[PDB]
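A quick write-up on the structure given underneath.
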Amino acid sequence: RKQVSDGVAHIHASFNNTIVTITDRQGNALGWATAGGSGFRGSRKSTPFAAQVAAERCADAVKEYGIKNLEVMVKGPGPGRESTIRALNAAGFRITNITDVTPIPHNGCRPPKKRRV
Amino acid sequence: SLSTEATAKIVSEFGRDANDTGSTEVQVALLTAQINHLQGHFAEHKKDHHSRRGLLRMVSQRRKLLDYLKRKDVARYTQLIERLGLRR
Amino acid sequence: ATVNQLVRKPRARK
Amino acid sequence: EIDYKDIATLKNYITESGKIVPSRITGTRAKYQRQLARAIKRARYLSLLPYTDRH
Amino acid sequence: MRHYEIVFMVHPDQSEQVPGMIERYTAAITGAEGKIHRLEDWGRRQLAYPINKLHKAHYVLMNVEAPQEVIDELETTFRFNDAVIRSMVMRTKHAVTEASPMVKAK
RNA sequence: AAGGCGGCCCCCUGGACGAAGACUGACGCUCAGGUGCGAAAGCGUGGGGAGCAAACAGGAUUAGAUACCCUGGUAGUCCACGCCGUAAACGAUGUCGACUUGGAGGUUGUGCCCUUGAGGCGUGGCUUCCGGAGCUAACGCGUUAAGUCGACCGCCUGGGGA
Ligand SMILES: [Mg+2]
Ligand SMILES: [Mg+2]
Ligand SMILES: [Mg+2]
Ligand SMILES: [Mg+2]
Ligand SMILES: [Mg+2]
Ligand SMILES: [Mg+2]
Ligand SMILES: [Mg+2]
Ligand SMILES: [Mg+2]
Ligand SMILES: [Mg+2]
Ligand SMILES: [Mg+2]
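Chains as they are written, first to last, in UniProt numbering: chain U, 13 to 129; chain Z, 2 to 89; chain S, 2 to 15; chain F, 20 to 74; chain X, 1 to 106.
Take a look at the structure:
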């Protein structure tokens, strides 16, 4: 219904959940898929295999725009950083750019307390 | 402390020549003009207690130098206390 | 330990 | 002696993300290392070197 | 007397007003016994990161040897004028007369 | 000086250290009371308010959860103006001076040298790790002493009560 042919993947990687989101170069969102609704809950949600099927399912909803060259924007220190990039190549795409966009503050705000166990 | 024109002049004011710079009466005048230079500074900067340590050092340094001339020759002592406005 | 300290106050006998 | 204007010297002393390389890797003197640190921070205000590789 | 290096950049849409600002600020400095050592125009210059949503900033580099009279007024008229978006002054060690590496390469 | 102090730039201002000489001539050391500074919390007045976070709200946990964990959240954290003057305020070593084998370094200068390289040779200020003699109850200290001495001041006299 529309042709853009330029993808941007703002993928999220937290310790609890990994979120894959395809968008364009101009901020207009094109589709998302989270590992919480992929049949993975809690401990199964914090698995790198959950990021393997989340990237493939989000890619299946953005093939209506005919995207061939995409950019990968990696955001977060969570696991699954490798399993979500290889799933983009298994979905029949031409990988062009991979960029770490993890936010690093310059000691802006105070971090929370420790979690002693 | 001061600039070069302010330092070399007061040495020539109170010294016998240009080499008369190490004597006690010159050293009082170096501390007297410096405390008089810092009158308007510490009024505006009362929260600067670190520069106040340098100020109170020169007050204690000048008091020890006035006690040396007073115990040796009171003739030169009574000259300098009114020439700089001392004894309050 | 100093003799001049004991000039002001001697050793306090219990 | 060193100055902020010669950015080609500053290109040899930063990373691709604009991060300052310490004297452990380059093996420079510690007198210049404090001078090179403030020289980049002058160029950082004047938009001569990028802060991060984000923008 | 102090030695200042005055760095100020000009809005790129008013780059023709730059030679007006050169000689108006010069007469106020040199009248009160202010020397001058370097006056170099660079034109537009690509930014390392965008500031005030603009690109291709104009750069003018200066060296002014002058007392503390002009350091009070000139920093206020930089904030008063809207053409100068960034103003930066710094104290140097001596009066210096040397071409910048931007002029020696362009 | 210590508690401490970290974006950049300007203004005001403090001490420390090195080189070359000139100059005053013991002008010094030390410190009871006294004086000032002094982490953070807290208090008074008036502002300010992101984030974090006592009390507290809610959910799990549990025998109970008051705590832990999680979602929120006031005082406070921020600034001005005071007051409070306590810390494991520790190098757990009061200050000052004099000497007594030394290395690995760091920092900061200075002097000379086929400048024959940011080097060679010295020589002061600051600082860490080893270690001989010696000392110490051991641990360790060991040219920055807890080695050998001098000058002065503070403090301790079984534990608990306290
Ligand atoms: Mg000074
Ligand atoms: Mg003599
Ligand atoms: Mg209260
Ligand atoms: Mg809690
Ligand atoms: Mg309050
Ligand atoms: Mg106590
Ligand atoms: Mg220790
Ligand atoms: Mg031994
Ligand atoms: Mg040892
Ligand atoms: Mg008792």
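No residue lacks a Cβ here, since even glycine has one placed at the ideal position from N, Cα and C.
For residue i, tell me which candidate among the options has the shortest Cα-Cα distance.
{"i": "Z:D74", "options": "Z:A9, Z:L32, Z:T25", "result": "Z:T25"}
{"i": "X:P19", "options": "X:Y59, X:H3, X:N52", "result": "X:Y59"}
{"i": "X:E40", "options": "X:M90, X:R86, X:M62", "result": "X:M62"}
{"i": "X:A57", "options": "X:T26, X:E65, X:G43, X:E33", "result": "X:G43"}
{"i": "X:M9", "options": "X:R86, X:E98, X:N52", "result": "X:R86"}
{"i": "X:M88", "options": "X:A95, X:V70, X:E75", "result": "X:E75"}
{"i": "X:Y4", "options": "X:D72, X:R79, X:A105, X:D82", "result": "X:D72"}
{"i": "Z:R58", "options": "Z:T33, Z:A7, Z:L70", "result": "Z:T33"}
{"i": "Z:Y78", "options": "Z:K48, Z:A30, Z:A44, Z:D49", "result": "Z:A30"}
{"i": "X:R24", "options": "X:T77, X:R38, X:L54, X:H55", "result": "X:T77"}
{"i": "U:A47", "options": "U:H24, U:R37, U:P89", "result": "U:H24"}
{"i": "U:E83", "options": "U:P123, U:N119, U:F105", "result": "U:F105"}
{"i": "U:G88", "options": "U:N28, U:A45, U:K14", "result": "U:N28"}
{"i": "U:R37", "options": "U:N119, U:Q15, U:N101", "result": "U:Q15"}
{"i": "U:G90", "options": "U:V20, U:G19, U:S26, U:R13", "result": "U:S26"}
{"i": "F:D72", "options": "F:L55, F:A58, F:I33, F:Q54", "result": "F:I33"}
{"i": "Z:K65", "options": "Z:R89, Z:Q28, Z:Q80", "result": "Z:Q28"}
{"i": "U:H118", "options": "F:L29, F:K38, F:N31, F:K30", "result": "F:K38"}
{"i": "Z:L56", "options": "Z:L67, Z:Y69, Z:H42, Z:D68", "result": "Z:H42"}
{"i": "X:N52", "options": "X:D82, X:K93, X:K106", "result": "X:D82"}
I'd like the span of the alpha helix (DSSP H) that includes residue i, first residue to last.
{"i": "Z:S13", "result": "5–15"}
{"i": "Z:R77", "result": "75–84"}
{"i": "X:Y25", "result": "18–31"}
{"i": "residue 136 of chain U", "result": "No information on residue 136 of chain U is available, as it lies outside the stretch 13 to 129 that chain U covers here."}
{"i": "F:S42", "result": "42–45"}
{"i": "X:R79", "result": "70–80"}
{"i": "residue 30 of chain S", "result": "Residue numbering for chain S in the displayed model covers 2 to 15; residue 30 of chain S lies beyond these limits and cannot be assessed."}
{"i": "U:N101", "result": "95–101"}
{"i": "F:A58", "result": "49–64"}
{"i": "U:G54", "result": "Counting along the chain, U:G54 falls outside any alpha helix (DSSP H), and DSSP gives it neither H nor E."}
{"i": "F:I26", "result": "26–30"}
{"i": "Z:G41", "result": "40–45"}
{"i": "U:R69", "result": "62–71"}
{"i": "X:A105", "result": "101–105"}
Could you check where the beta strand (DSSP E) with residue i kicks off and where it finishes?
{"i": "X:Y4", "result": "3–10"}
{"i": "X:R38", "result": "35–45"}
{"i": "U:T111", "result": "106–112"}
{"i": "U:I23", "result": "18–25"}
{"i": "X:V60", "result": "57–65"}
{"i": "X:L54", "result": "Note, X:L54: premise wrong, no beta strand (DSSP E); not H, not E."}
How about residue i and residue j: are their beta carbons less than 8 Å apart?
{"i": "U:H22", "j": "U:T30", "result": "no"}
{"i": "U:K75", "j": "U:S17", "result": "no"}
{"i": "X:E98", "j": "X:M1", "result": "no"}
{"i": "U:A73", "j": "U:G43", "result": "yes"}
{"i": "U:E68", "j": "U:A103", "result": "yes"}
{"i": "Z:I36", "j": "Z:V60", "result": "yes"}
{"i": "F:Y23", "j": "F:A58", "result": "yes"}
{"i": "X:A95", "j": "X:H37", "result": "yes"}
{"i": "X:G34", "j": "X:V7", "result": "no"}
{"i": "F:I21", "j": "F:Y51", "result": "yes"}
Legend entry - Three CB pairs or more closer than 8 Å across the stretch 63–71 of chain F and the stretch 28–48 of chain X: yes
Legend entry - Inter-stretch contact (C-beta, 8 Å, three-pair minimum) for the stretch 36–53 of chain U and the stretch 105–116 of chain U: no
Inset, instruction - Could you tell me whether the stretch 88–96 of chain U touches the stretch 59–75 of chain U, where touching means 3 or more Cβ pairs closer than 8 Å? - result: Result yes; three or more Cβ-Cβ pairs closer than 8 Å.
Legend entry - Given 8 Å, three or more beta-carbon pairs between the stretch 45–65 of chain F and the stretch 29–36 of chain X: Taking 8 Å as the limit for Cβ pairs, the verdict is that the stretch 29–36 of chain X does not touch the stretch 45–65 of chain F.
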